[PDB]
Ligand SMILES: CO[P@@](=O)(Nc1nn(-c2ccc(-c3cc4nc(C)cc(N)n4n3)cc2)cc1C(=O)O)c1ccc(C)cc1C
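Presented as structure tokens, the chain that follows is alone, the form deposited without the named molecule.
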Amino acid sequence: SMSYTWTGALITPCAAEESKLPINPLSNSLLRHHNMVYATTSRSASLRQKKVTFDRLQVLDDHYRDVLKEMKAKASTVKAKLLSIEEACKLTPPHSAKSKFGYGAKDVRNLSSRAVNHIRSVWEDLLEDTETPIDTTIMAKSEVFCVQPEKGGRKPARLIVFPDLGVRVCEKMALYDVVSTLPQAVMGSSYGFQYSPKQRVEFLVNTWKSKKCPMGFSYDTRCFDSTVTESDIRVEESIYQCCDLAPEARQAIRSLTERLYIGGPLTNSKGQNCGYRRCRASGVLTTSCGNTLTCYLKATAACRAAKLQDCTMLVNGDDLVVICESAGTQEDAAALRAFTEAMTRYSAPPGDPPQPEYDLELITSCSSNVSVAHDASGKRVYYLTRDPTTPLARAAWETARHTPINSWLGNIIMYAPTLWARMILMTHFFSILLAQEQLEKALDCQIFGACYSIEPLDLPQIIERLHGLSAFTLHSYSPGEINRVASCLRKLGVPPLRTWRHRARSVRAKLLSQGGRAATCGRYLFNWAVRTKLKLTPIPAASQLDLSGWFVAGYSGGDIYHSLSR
């Protein structure tokens, strides 16, 4: 079973494609080495195709079946509701790809006559037609990175595969509630997306110390989406079907499984047939949930087969971290080898072989890792950090050119406590915002694949609820962390960290001398940069004004939007 068949037609771009940074003088002294920063394009689509096209052998054993049944039993607990056309319509992102049938995302959210009447047809057809493969578009995704340490080495583009907008709304009607409810109900504390980064670190540590002599590792599968088999996709549906479901929902889920989720024809932006998918589509609603369940399933079964002891996992789509209990250094080396054999049999082979780890801080997953600093009281605080190379490069790109997605806003939020977010990314972007006019203009950023509309004057209260008060008051970061950031600054040509302390005062001052929501941003955010720090007490609006829905589920590739928060 091949993940992909290709006809020969190209993955084409739909417009103009940017690949290098522009000669922009206030990307400037964010970053001067612009040769380092690039964006992926259609040109490298072929290279990705080769990487992502292969046969899939799958051998299921008693462990897999045993784990499946325990999952289904947990799933049998769930009752899932059918969404109405109006509710699914509201979940649609303002700049989601328009339909072939002469209407766009705007028309959907307005409940336009042409849009809801097409949507009803797609739904009715899901009921009348039970097997005809549903069309998708394949495209190259444009992502920014920093040139790889073997001389301008480069990641090729990712392929994004999605059905027409009308189908996307129907998926929401049938599977939105399911996808927001079932993963937690099945996987419990092992479901990553229920955790704020503060809750995430809290669960990591707690699990680590609950161990005699802990041992953890992270597992990376070689292009997970392609490893997912038609069997996997069906096993997945069998889990969904354990929910209490409306009869049309049940049919809709059944049809979407056979007509879309298991595979179907690929069409480029020119209308040409590119070939056929028999693996996971990156851009359907079920992609995160389905991946999270499928990764959790294969891994739990692989642990048992590998005879690892007191495995706890934390799963986030295809990102997988295991914290378990160590039988004596070449104990696990062997046990991981076994684990890897089992994952490989289940059709989930690794990228780089997994390595046992006996220091929590050295384990990296979700691109991130735990580090330690201290807050005013001097007490050791645990926080979640990351190599800043890709965020700092993306920040430079977003300065130089306009873009819907502002990942910088996202990294500030998610990595508020980190040294590099506070000194560089807050300082730089509040300066730009200050000088421009734009402190109130809400911006779109993504958390867990779902886009959010967010006002930058609400970071002090967002940061406080998601990270606590220590996020503004942390100071004596580890030598390892500080050395990563300093190193990353050299590689990119970002000015040294002491450079930013100077800049951060001016920005703080230009923003205390403004008052209001501005004012607050200068008190707590840039407190690290003043000479005799003032005493920061908890913000009022933080609690009884801001709201959930934020760390409930993973929605990557699922066309999901909340205009939640500010």
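We number the residues from 1 along the sequence you see.
Keep in mind that the form deposited with the named molecule bound is not shown, yet the notes after this line are about it.
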Should the pocket be classed as open or blocked once the named molecule, positioned as in the deposited bound form, is overlaid via C-alpha superposition of the site (3 or more ligand atoms within 2.4 Å of backbone or C-beta atoms defines blocked)?
-> blocked
Checking 475, 120, 254, 109 against the named molecule in the deposited bound form, the residue with a non-hydrogen atom inside 4.5 angstroms turns out to be 475
Considering the named molecule in the deposited bound form, which of 259, 172, 422, 345 comes within 4.5 Å of it through any heavy atom?
-> 422
Location of the named molecule contact in the deposited bound form, chosen stretch of 99-107, 75-83, 229-237, 479-487 [non-hydrogen atom, 4.5 Å] = 479-487
Find out whether any non-hydrogen atom of residue 64 is located within 4.5 angstroms of the named molecule in the deposited bound form, and reply yes or no.
-> no
Considering only heavy atoms, tell me if residue 494 and the named molecule come within 4.5 Å of each other in the deposited bound form.
-> yes
Does residue 524 reach the named molecule in the deposited bound form if we count a contact as any heavy atom within 4.5 Å?
-> no
Heavy atoms within 4.5 Å of the named molecule in the deposited bound form: does residue 501 have any?
-> yes
